[PDB]
Amino acid sequence: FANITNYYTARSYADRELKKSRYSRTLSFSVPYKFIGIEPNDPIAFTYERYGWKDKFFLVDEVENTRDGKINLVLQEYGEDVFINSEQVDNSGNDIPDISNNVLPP
Amino acid sequence: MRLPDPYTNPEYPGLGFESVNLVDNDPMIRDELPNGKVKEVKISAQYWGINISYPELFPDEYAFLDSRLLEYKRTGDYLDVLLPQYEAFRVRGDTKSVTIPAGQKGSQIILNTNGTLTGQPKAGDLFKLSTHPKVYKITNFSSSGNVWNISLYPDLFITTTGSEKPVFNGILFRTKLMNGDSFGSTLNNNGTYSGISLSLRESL
């Protein structure tokens, strides 16, 4: 992490990434001109009865708009647990100041 | 410029249209969803396609027809094509005292005949405005007094400015000759020209 300096925030973000890595499954399909307005990172519930899917959570990853009113989509599977935060402990006592690089007085 | 037909030129009976083909060209994007609902999308314009076939042509008939076609290709004019089957005279009178309210951009013309026109147009006839060259077919007609409600197949290619005058008789297709890139006619040993076909397209 380049832009994160808080230890607990970085730990939470790493936990989120680890949770998000467990859902690696993408889906692509096309929809008619209706449903216009879909944008990436939008919540979509997929329901395909042939599979064991009933309102499965997905996030838009790729959206392509054509001039003949057809929208191509690529969904990315997510979960609810991705956005809940697990309890952590305090690293307050593990700080290591650099008190070196100077001459100690007598 | 008018295409030679046995109305203006009866001395050349071989110039008659042995068979015409009025082609309805309205390109659309048709998509069939798996739920059984077929959906269409229309963007491009509709243009009447006319295909003319000819019989064996004697040297004088072919000379006249070829001179006219070469004159067309020289001046870059527009061939006018007259279909006899669409020349039934129903509406008669003056089309200058009739008024068309402006702002009509849909697929329907509402005009006040002002009682100056006798007869009524029939569905399936040919209708055209005086300020635009596009040719329309009347799909429905309801008359309530002097105001007429004419319904046209192609959506109005122009927005009425209030100065347009309806034209019911003497309607010509402002066509442009296709397949003119490779245009030819074989002359047989018996002196008659064969294999002449005109694929025309309405270039409004």
# chains A, B, ... in the order shown; residues from 1 in each chain; ligands from 1

call {"tool": "closest_atom_pairs", "arguments": {"of": "chain A", "to": "chain B", "cutoff": "12 Å", "atoms": "only C-alpha atoms", "output": "CSV"}}
result
residue,atom,partner,partner_atom,distance
A:30,CA,B:33,CA,10.6
A:31,CA,B:33,CA,9.3
A:32,CA,B:33,CA,8.4
A:33,CA,B:39,CA,10.2
A:34,CA,B:39,CA,11.5
A:67,CA,B:43,CA,10.2
A:68,CA,B:41,CA,7.3
A:69,CA,B:41,CA,8.2
A:70,CA,B:31,CA,9.6

call {"tool": "write_last_selection", "arguments": {"atoms": "C-alpha atoms", "output": "PDB file, in the first residue's frame"}}
result
ATOM      1  CA  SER A  30     -25.939  -9.153 -23.438  1.00  0.00           C
ATOM      2  CA  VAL A  31     -29.156  -7.299 -22.612  1.00  0.00           C
ATOM      3  CA  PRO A  32     -31.517  -5.276 -24.839  1.00  0.00           C
ATOM      4  CA  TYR A  33     -31.707  -1.478 -25.011  1.00  0.00           C
ATOM      5  CA  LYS A  34     -33.916  -1.528 -21.923  1.00  0.00           C
ATOM      6  CA  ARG A  67     -25.554   2.266 -31.293  1.00  0.00           C
ATOM      7  CA  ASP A  68     -28.132  -0.394 -32.237  1.00  0.00           C
ATOM      8  CA  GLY A  69     -29.431  -0.656 -28.657  1.00  0.00           C
ATOM      9  CA  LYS A  70     -27.535  -3.700 -27.369  1.00  0.00           C
TER      10      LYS A  70
END

call {"tool": "select_by_dssp", "arguments": {"residues": "range 44-200 of chain B", "states": "strand (DSSP E)", "output": "compact mmCIF listing (two decimals) with N, CA and C atoms, in the first residue's frame"}}
result
# COMPACT_ATOMS: atom_id res chain seq x y z
N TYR B 47 -36.44 3.75 -49.22
CA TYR B 47 -36.33 4.19 -50.60
C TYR B 47 -37.01 3.18 -51.51
N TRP B 48 -37.85 3.68 -52.42
CA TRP B 48 -38.55 2.81 -53.35
C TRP B 48 -37.58 2.32 -54.42
N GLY B 49 -37.50 1.00 -54.58
CA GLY B 49 -36.66 0.40 -55.60
C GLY B 49 -37.50 -0.07 -56.77
N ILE B 50 -37.10 0.35 -57.97
CA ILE B 50 -37.81 0.04 -59.20
C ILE B 50 -36.88 -0.74 -60.11
N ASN B 51 -37.36 -1.89 -60.59
CA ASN B 51 -36.61 -2.72 -61.53
C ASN B 51 -37.42 -2.85 -62.81
N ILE B 52 -36.80 -2.49 -63.93
CA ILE B 52 -37.46 -2.51 -65.23
C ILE B 52 -36.84 -3.59 -66.09
N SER B 53 -37.68 -4.36 -66.77
CA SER B 53 -37.24 -5.37 -67.72
C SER B 53 -37.75 -5.01 -69.11
N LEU B 79 -33.51 10.35 -63.40
CA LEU B 79 -34.52 9.71 -64.23
C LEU B 79 -35.86 9.72 -63.50
N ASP B 80 -36.91 10.13 -64.21
CA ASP B 80 -38.27 10.08 -63.69
C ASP B 80 -38.98 8.88 -64.29
N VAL B 81 -39.60 8.07 -63.43
CA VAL B 81 -40.24 6.83 -63.84
C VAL B 81 -41.73 6.92 -63.53
N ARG B 92 -59.45 15.49 -58.14
CA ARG B 92 -59.36 16.44 -59.23
C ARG B 92 -59.69 17.84 -58.72
N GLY B 93 -59.01 18.83 -59.27
CA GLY B 93 -59.23 20.21 -58.88
C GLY B 93 -57.90 20.94 -58.80
N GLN B 108 -48.22 11.27 -40.91
CA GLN B 108 -49.63 11.58 -41.11
C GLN B 108 -49.77 13.03 -41.53
N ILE B 109 -50.54 13.27 -42.59
CA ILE B 109 -50.78 14.61 -43.11
C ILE B 109 -52.23 14.98 -42.85
N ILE B 110 -52.44 16.10 -42.16
CA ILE B 110 -53.75 16.68 -41.94
C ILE B 110 -53.83 17.93 -42.80
N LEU B 111 -54.76 17.94 -43.75
CA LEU B 111 -54.87 19.06 -44.68
C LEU B 111 -56.32 19.49 -44.80
N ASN B 112 -56.54 20.80 -44.90
CA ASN B 112 -57.87 21.37 -45.11
C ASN B 112 -58.04 21.61 -46.61
N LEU B 117 -61.40 20.51 -53.82
CA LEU B 117 -61.04 19.25 -54.46
C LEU B 117 -62.24 18.32 -54.46
N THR B 118 -62.51 17.71 -55.61
CA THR B 118 -63.57 16.72 -55.74
C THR B 118 -62.99 15.32 -55.67
N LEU B 126 -50.74 6.57 -54.57
CA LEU B 126 -49.46 7.27 -54.45
C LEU B 126 -49.72 8.74 -54.15
N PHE B 127 -49.02 9.26 -53.15
CA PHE B 127 -49.18 10.64 -52.72
C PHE B 127 -47.80 11.27 -52.60
N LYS B 128 -47.70 12.56 -52.91
CA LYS B 128 -46.43 13.26 -52.87
C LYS B 128 -46.66 14.74 -52.58
N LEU B 129 -45.74 15.33 -51.82
CA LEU B 129 -45.74 16.76 -51.57
C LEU B 129 -45.06 17.50 -52.72
N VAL B 135 -41.76 9.93 -52.55
CA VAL B 135 -43.08 9.43 -52.93
C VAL B 135 -43.65 8.62 -51.78
N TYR B 136 -44.91 8.87 -51.45
CA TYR B 136 -45.60 8.26 -50.33
C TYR B 136 -46.77 7.43 -50.84
N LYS B 137 -47.13 6.40 -50.07
CA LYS B 137 -48.32 5.61 -50.33
C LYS B 137 -49.34 5.84 -49.23
N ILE B 138 -50.58 6.11 -49.62
CA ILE B 138 -51.64 6.34 -48.65
C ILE B 138 -52.07 5.01 -48.05
N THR B 139 -51.84 4.85 -46.75
CA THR B 139 -52.23 3.63 -46.06
C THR B 139 -53.62 3.72 -45.44
N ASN B 140 -54.12 4.92 -45.20
CA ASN B 140 -55.45 5.12 -44.64
C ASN B 140 -55.87 6.56 -44.92
N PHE B 141 -57.18 6.77 -44.99
CA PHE B 141 -57.73 8.09 -45.30
C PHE B 141 -59.09 8.22 -44.64
N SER B 142 -59.24 9.21 -43.76
CA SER B 142 -60.51 9.54 -43.14
C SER B 142 -60.80 11.01 -43.38
N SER B 143 -61.98 11.30 -43.91
CA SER B 143 -62.40 12.66 -44.22
C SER B 143 -63.53 13.06 -43.28
N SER B 144 -63.33 14.15 -42.55
CA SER B 144 -64.33 14.71 -41.64
C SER B 144 -64.59 16.14 -42.10
N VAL B 147 -61.48 18.81 -43.87
CA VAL B 147 -60.15 18.40 -43.42
C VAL B 147 -59.97 16.91 -43.69
N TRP B 148 -58.86 16.57 -44.33
CA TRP B 148 -58.53 15.19 -44.67
C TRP B 148 -57.44 14.68 -43.74
N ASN B 149 -57.46 13.38 -43.47
CA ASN B 149 -56.48 12.74 -42.59
C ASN B 149 -55.81 11.63 -43.39
N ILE B 150 -54.74 11.98 -44.11
CA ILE B 150 -54.04 11.05 -44.97
C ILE B 150 -52.88 10.44 -44.20
N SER B 151 -52.80 9.12 -44.20
CA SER B 151 -51.74 8.39 -43.51
C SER B 151 -50.78 7.81 -44.54
N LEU B 152 -49.48 8.01 -44.31
CA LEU B 152 -48.45 7.66 -45.27
C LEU B 152 -47.52 6.60 -44.69
N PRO B 166 -50.27 19.28 -51.68
CA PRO B 166 -50.37 17.85 -52.00
C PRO B 166 -50.47 17.62 -53.50
N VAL B 167 -49.84 16.54 -53.96
CA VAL B 167 -49.88 16.12 -55.35
C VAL B 167 -50.40 14.69 -55.38
N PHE B 173 -41.22 9.13 -59.97
CA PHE B 173 -40.18 8.71 -59.04
C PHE B 173 -38.85 9.32 -59.47
N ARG B 174 -38.29 10.18 -58.63
CA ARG B 174 -37.00 10.82 -58.91
C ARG B 174 -35.90 9.80 -58.64
N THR B 175 -35.77 8.85 -59.56
CA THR B 175 -34.85 7.74 -59.40
C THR B 175 -33.47 8.08 -59.93
N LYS B 176 -32.48 7.30 -59.49
CA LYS B 176 -31.13 7.34 -60.01
C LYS B 176 -30.75 5.93 -60.44
N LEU B 177 -30.22 5.80 -61.65
CA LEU B 177 -29.98 4.49 -62.25
C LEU B 177 -28.83 3.79 -61.53
N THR B 186 -26.10 -6.79 -75.42
CA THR B 186 -25.54 -7.61 -76.49
C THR B 186 -26.41 -7.49 -77.74
N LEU B 187 -25.75 -7.33 -78.88
CA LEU B 187 -26.43 -7.25 -80.17
C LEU B 187 -26.34 -8.60 -80.86
N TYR B 193 -31.29 -5.98 -80.13
CA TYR B 193 -30.53 -5.90 -78.89
C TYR B 193 -31.28 -6.60 -77.77
N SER B 194 -30.55 -7.37 -76.97
CA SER B 194 -31.14 -8.18 -75.92
C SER B 194 -30.34 -8.01 -74.64
N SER B 197 -31.68 -4.24 -68.82
CA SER B 197 -32.40 -4.17 -67.56
C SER B 197 -32.00 -2.90 -66.83
N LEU B 198 -32.99 -2.22 -66.25
CA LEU B 198 -32.77 -0.98 -65.52
C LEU B 198 -33.10 -1.22 -64.05
N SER B 199 -32.08 -1.23 -63.20
CA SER B 199 -32.26 -1.29 -61.76
C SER B 199 -32.19 0.14 -61.24
N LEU B 200 -33.34 0.71 -60.94
CA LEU B 200 -33.44 2.10 -60.50
C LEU B 200 -33.71 2.16 -59.01

call {"tool": "select_by_dssp", "arguments": {"residues": "chain A", "states": "alpha helix (DSSP H)", "output": "ChimeraX atom specification"}}
result
/A:7-21

call {"tool": "closest_residue", "arguments": {"among": "A:50, A:56, A:20, A:25", "to": "residue 76 in chain A", "atoms": "only C-alpha atoms"}}
result
A:25

call {"tool": "residues_around", "arguments": {"residues": "range 80-88 of chain A", "least_positions_apart": "6", "cutoff": "8 Å", "atoms": "only C-alpha atoms", "output": "NGL selection string"}}
result
:A and (12 or 16 or 19-20)

call {"tool": "write_last_selection", "arguments": {"atoms": "N, CA and C atoms", "output": "compact mmCIF listing (two decimals), in the first residue's frame"}}
result
# COMPACT_ATOMS: atom_id res chain seq x y z
N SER A 12 -7.16 -3.80 7.50
CA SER A 12 -8.53 -4.01 7.05
C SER A 12 -8.60 -4.14 5.53
N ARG A 16 -9.85 -7.29 3.32
CA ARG A 16 -10.86 -7.18 2.28
C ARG A 16 -10.37 -7.79 0.97
N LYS A 19 -10.45 -11.58 1.29
CA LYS A 19 -11.82 -12.07 1.14
C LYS A 19 -12.28 -12.01 -0.31
N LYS A 20 -11.96 -10.92 -1.00
CA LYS A 20 -12.37 -10.72 -2.39
C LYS A 20 -11.66 -11.66 -3.35

call {"tool": "residues_around", "arguments": {"residues": "residue 98 in chain B", "least_positions_apart": "3", "cutoff": "7 Å", "atoms": "only C-alpha atoms", "output": "PyMOL selection string"}}
result
chain B and resi 95+112-114+165

call {"tool": "write_last_selection", "arguments": {"atoms": "C-alpha atoms", "output": "short mmCIF file (atom, residue, chain, number, x, y, z; two decimals), in the first residue's frame"}}
result
data_model
loop_
_atom_site.label_atom_id
_atom_site.label_comp_id
_atom_site.auth_asym_id
_atom_site.auth_seq_id
_atom_site.Cartn_x
_atom_site.Cartn_y
_atom_site.Cartn_z
CA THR B 95 -54.02 21.96 -55.31
CA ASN B 112 -57.87 21.37 -45.11
CA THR B 113 -59.04 20.90 -48.70
CA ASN B 114 -61.16 24.08 -48.41
CA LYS B 165 -49.15 21.47 -51.74
#

call {"tool": "atom_distance", "arguments": {"atom1": "CA of residue 125 in chain B", "atom2": "CA of residue 77 in chain B"}}
result
26.6 Å

call {"tool": "residues_around", "arguments": {"residues": "range 41-49 of chain A", "least_positions_apart": "2", "cutoff": "10 Å", "atoms": "only C-alpha atoms", "output": "tab-separated table (two decimals) with C-alpha atoms, in the first residue's frame"}}
result
chain	number	residue	atom	x	y	z
A	27	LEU	CA	-20.07	-13.95	-16.22
A	38	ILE	CA	-25.85	0.04	-16.21
A	39	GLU	CA	-22.37	1.15	-15.15
A	51	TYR	CA	-28.33	-23.49	-12.14
A	52	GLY	CA	-28.83	-23.28	-8.40
A	53	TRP	CA	-28.90	-19.49	-8.70
A	54	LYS	CA	-31.63	-17.31	-7.18
A	55	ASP	CA	-30.65	-13.64	-6.84
A	56	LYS	CA	-26.90	-14.20	-6.92
A	57	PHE	CA	-24.89	-11.08	-6.13
A	58	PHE	CA	-22.70	-9.71	-8.93
A	59	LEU	CA	-20.87	-6.46	-9.63
A	60	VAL	CA	-20.57	-5.00	-13.13
A	61	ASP	CA	-17.02	-5.22	-14.45
A	62	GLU	CA	-17.32	-4.47	-18.18
A	75	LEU	CA	-20.23	-9.46	-14.31
A	76	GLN	CA	-17.88	-10.27	-11.43
A	77	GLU	CA	-19.00	-12.47	-8.54
A	78	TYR	CA	-18.87	-10.98	-5.04

call {"tool": "residues_around", "arguments": {"residues": "residue 63 in chain A", "least_positions_apart": "6", "cutoff": "8 Å", "atoms": "only C-alpha atoms", "output": "ChimeraX atom specification"}}
result
/A:38-40,71-74

call {"tool": "residues_around", "arguments": {"residues": "residue 184 in chain B", "least_positions_apart": "3", "cutoff": "9 Å", "atoms": "only C-alpha atoms", "output": "PyMOL selection string"}}
result
chain B and resi 180+195-196

call {"tool": "closest_residue", "arguments": {"among": "A:23, A:65, A:91, A:36", "to": "residue 11 in chain A", "atoms": "only C-alpha atoms"}}
result
A:91

call {"tool": "decode", "arguments": {"residues": "range 76-153 of chain B", "atoms": "C-alpha atoms", "output": "PDB file, in the first residue's frame"}}
result
ATOM      1  CA  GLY B  76     -26.011  13.636 -64.013  1.00  0.00           C
ATOM      2  CA  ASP B  77     -29.754  14.305 -63.913  1.00  0.00           C
ATOM      3  CA  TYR B  78     -32.471  12.215 -62.248  1.00  0.00           C
ATOM      4  CA  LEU B  79     -34.525   9.714 -64.225  1.00  0.00           C
ATOM      5  CA  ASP B  80     -38.270  10.082 -63.689  1.00  0.00           C
ATOM      6  CA  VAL B  81     -40.242   6.828 -63.840  1.00  0.00           C
ATOM      7  CA  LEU B  82     -44.007   6.650 -64.374  1.00  0.00           C
ATOM      8  CA  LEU B  83     -45.973   3.581 -63.305  1.00  0.00           C
ATOM      9  CA  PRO B  84     -49.255   3.283 -65.251  1.00  0.00           C
ATOM     10  CA  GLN B  85     -50.989   1.192 -62.577  1.00  0.00           C
ATOM     11  CA  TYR B  86     -50.762   4.148 -60.160  1.00  0.00           C
ATOM     12  CA  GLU B  87     -52.312   6.698 -62.555  1.00  0.00           C
ATOM     13  CA  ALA B  88     -55.960   6.413 -61.505  1.00  0.00           C
ATOM     14  CA  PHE B  89     -57.390   9.942 -61.310  1.00  0.00           C
ATOM     15  CA  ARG B  90     -59.521  10.223 -58.166  1.00  0.00           C
ATOM     16  CA  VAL B  91     -58.753  13.662 -56.705  1.00  0.00           C
ATOM     17  CA  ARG B  92     -59.356  16.444 -59.231  1.00  0.00           C
ATOM     18  CA  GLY B  93     -59.226  20.206 -58.879  1.00  0.00           C
ATOM     19  CA  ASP B  94     -56.714  22.846 -57.840  1.00  0.00           C
ATOM     20  CA  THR B  95     -54.016  21.964 -55.307  1.00  0.00           C
ATOM     21  CA  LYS B  96     -53.007  25.611 -54.785  1.00  0.00           C
ATOM     22  CA  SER B  97     -55.957  26.717 -52.625  1.00  0.00           C
ATOM     23  CA  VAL B  98     -55.479  23.759 -50.257  1.00  0.00           C
ATOM     24  CA  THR B  99     -53.538  24.477 -47.062  1.00  0.00           C
ATOM     25  CA  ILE B 100     -51.350  22.122 -45.020  1.00  0.00           C
ATOM     26  CA  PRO B 101     -50.741  23.229 -41.402  1.00  0.00           C
ATOM     27  CA  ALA B 102     -47.045  23.400 -40.591  1.00  0.00           C
ATOM     28  CA  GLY B 103     -45.074  21.472 -37.992  1.00  0.00           C
ATOM     29  CA  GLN B 104     -46.194  18.014 -39.162  1.00  0.00           C
ATOM     30  CA  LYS B 105     -43.185  15.702 -38.839  1.00  0.00           C
ATOM     31  CA  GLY B 106     -44.861  12.376 -38.033  1.00  0.00           C
ATOM     32  CA  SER B 107     -46.323   9.830 -40.444  1.00  0.00           C
ATOM     33  CA  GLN B 108     -49.630  11.575 -41.110  1.00  0.00           C
ATOM     34  CA  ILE B 109     -50.783  14.609 -43.110  1.00  0.00           C
ATOM     35  CA  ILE B 110     -53.754  16.676 -41.943  1.00  0.00           C
ATOM     36  CA  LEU B 111     -54.869  19.064 -44.678  1.00  0.00           C
ATOM     37  CA  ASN B 112     -57.865  21.366 -45.114  1.00  0.00           C
ATOM     38  CA  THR B 113     -59.044  20.898 -48.695  1.00  0.00           C
ATOM     39  CA  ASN B 114     -61.164  24.084 -48.414  1.00  0.00           C
ATOM     40  CA  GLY B 115     -63.787  22.360 -50.566  1.00  0.00           C
ATOM     41  CA  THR B 116     -61.707  22.946 -53.696  1.00  0.00           C
ATOM     42  CA  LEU B 117     -61.039  19.252 -54.461  1.00  0.00           C
ATOM     43  CA  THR B 118     -63.573  16.722 -55.735  1.00  0.00           C
ATOM     44  CA  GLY B 119     -63.354  13.011 -55.029  1.00  0.00           C
ATOM     45  CA  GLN B 120     -61.417  11.258 -52.296  1.00  0.00           C
ATOM     46  CA  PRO B 121     -58.062   9.447 -52.393  1.00  0.00           C
ATOM     47  CA  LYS B 122     -58.117   5.683 -51.970  1.00  0.00           C
ATOM     48  CA  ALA B 123     -55.882   3.651 -49.677  1.00  0.00           C
ATOM     49  CA  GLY B 124     -52.824   2.241 -51.405  1.00  0.00           C
ATOM     50  CA  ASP B 125     -52.569   5.122 -53.886  1.00  0.00           C
ATOM     51  CA  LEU B 126     -49.465   7.266 -54.450  1.00  0.00           C
ATOM     52  CA  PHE B 127     -49.176  10.644 -52.721  1.00  0.00           C
ATOM     53  CA  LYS B 128     -46.426  13.258 -52.866  1.00  0.00           C
ATOM     54  CA  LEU B 129     -45.742  16.760 -51.575  1.00  0.00           C
ATOM     55  CA  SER B 130     -44.923  19.559 -54.000  1.00  0.00           C
ATOM     56  CA  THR B 131     -41.711  20.678 -52.251  1.00  0.00           C
ATOM     57  CA  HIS B 132     -40.067  17.276 -51.718  1.00  0.00           C
ATOM     58  CA  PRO B 133     -39.347  14.507 -54.250  1.00  0.00           C
ATOM     59  CA  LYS B 134     -40.075  11.557 -51.943  1.00  0.00           C
ATOM     60  CA  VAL B 135     -43.077   9.434 -52.935  1.00  0.00           C
ATOM     61  CA  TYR B 136     -45.597   8.256 -50.333  1.00  0.00           C
ATOM     62  CA  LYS B 137     -48.317   5.607 -50.331  1.00  0.00           C
ATOM     63  CA  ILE B 138     -51.640   6.343 -48.650  1.00  0.00           C
ATOM     64  CA  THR B 139     -52.233   3.628 -46.059  1.00  0.00           C
ATOM     65  CA  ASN B 140     -55.447   5.124 -44.639  1.00  0.00           C
ATOM     66  CA  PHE B 141     -57.729   8.088 -45.296  1.00  0.00           C
ATOM     67  CA  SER B 142     -60.512   9.536 -43.141  1.00  0.00           C
ATOM     68  CA  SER B 143     -62.398  12.662 -44.218  1.00  0.00           C
ATOM     69  CA  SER B 144     -64.332  14.709 -41.644  1.00  0.00           C
ATOM     70  CA  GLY B 145     -65.758  17.599 -43.635  1.00  0.00           C
ATOM     71  CA  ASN B 146     -63.103  19.501 -45.567  1.00  0.00           C
ATOM     72  CA  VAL B 147     -60.153  18.403 -43.420  1.00  0.00           C
ATOM     73  CA  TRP B 148     -58.530  15.192 -44.666  1.00  0.00           C
ATOM     74  CA  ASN B 149     -56.482  12.736 -42.594  1.00  0.00           C
ATOM     75  CA  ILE B 150     -54.036  11.050 -44.972  1.00  0.00           C
ATOM     76  CA  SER B 151     -51.739   8.385 -43.509  1.00  0.00           C
ATOM     77  CA  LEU B 152     -48.446   7.664 -45.269  1.00  0.00           C
ATOM     78  CA  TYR B 153     -46.113   4.677 -45.103  1.00  0.00           C
TER      79      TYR B 153
END
